[PDB]
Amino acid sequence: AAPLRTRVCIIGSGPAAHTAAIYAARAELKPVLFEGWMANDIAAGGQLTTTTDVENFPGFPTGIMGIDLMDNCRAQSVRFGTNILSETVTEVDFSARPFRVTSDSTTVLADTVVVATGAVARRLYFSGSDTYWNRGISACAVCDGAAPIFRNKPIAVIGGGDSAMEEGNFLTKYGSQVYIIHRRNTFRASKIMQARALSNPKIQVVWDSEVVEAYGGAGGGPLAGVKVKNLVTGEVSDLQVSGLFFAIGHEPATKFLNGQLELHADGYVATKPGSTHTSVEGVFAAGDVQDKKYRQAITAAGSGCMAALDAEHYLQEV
């Protein structure tokens, strides 16, 4: 009954959301941003808070920790007038204008909305997966591959996408042998990507299989092996390995929208290519919630900028 009214409501708190906030606020639109309260089991600030060392975000010659970069983006958004609610959005209503955005505690009436809730890397929860997390297992092959523990030892990658093919190749630069493990006998990845990996000397595919257990050594040591179950024969085999990486995609954060935006089948928001426009006039989508191809902080930042300008431009025509 006491709804905040704003020209621009931003949902999410990664690089996209914050770049959008910076431009919307500087354009004197007084944006309200919902940064979440551990929304989606990711801290406000977004995926970057789950990594330690960001080296490819332009402007930081020495690199910068994700948490610090995102601390900066938020301080910047606040500095220009962004009103940040530390609340998770649970529901929207895009059938009427102004649009309604609500959390547990707050209700906002917004002339435009930027959806920038991002995505989260997918993992499995087979026996041993929590146990050996950061002690062999990880969901970022590229983050951790170089690391000593894996050098010259065998690595496993689970997945059947383009990501799995490329992370597999990437890992054969550090490991002694790489195993791609996939549930089916056929890859979802492009025919090209399948070939570049299948042609790789240090990669061996393990079709028709699932990992059913990860175990360690010692002495409570780090990851030492995985039990793999063939899904045709039923047979279970030990497979020695110092690393296991998840390359099974990313889960775009769109369930809260309850279907009110047109999505692709993988759940990402369908945008007008080369803009942030969605299926609903006045609602925009920026960042990883609508990009599975690049998935970078820098691209997502760019997209957030675009979402602000698009919204600003849509306000002017209305």
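Residue indices: 1-based, along the sequence shown.
- Between the stretches 196 to 204 and 128 to 136, it is 196 to 204 that shows the larger average CA temperature factor.
- The PDB entry reports B-factors from which the mean C-alpha value can be compared for 81 to 89 and 143 to 151; the larger average falls on 143 to 151.
- When the C-alpha B-factors of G118, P98, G160, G220 are ranked from the entry, the top spot goes to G220.
- Looking at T102, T186, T112, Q76, the one whose CA carries the top B-factor in the deposited record is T186.
- In this PDB entry, the Cα temperature factor of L171 sits in the top third of its chain's modelled residues, the highest group.
- Placement of the Cα temperature factor of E55 within the chain: lowest third of the modelled residues, per the deposited record.
- When the CA B factors of the chain's modelled residues are split into thirds, the value for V212 lands in the middle one.
- Ranked within its chain, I248 lands in the lowest third, by CA B factor from the PDB record.
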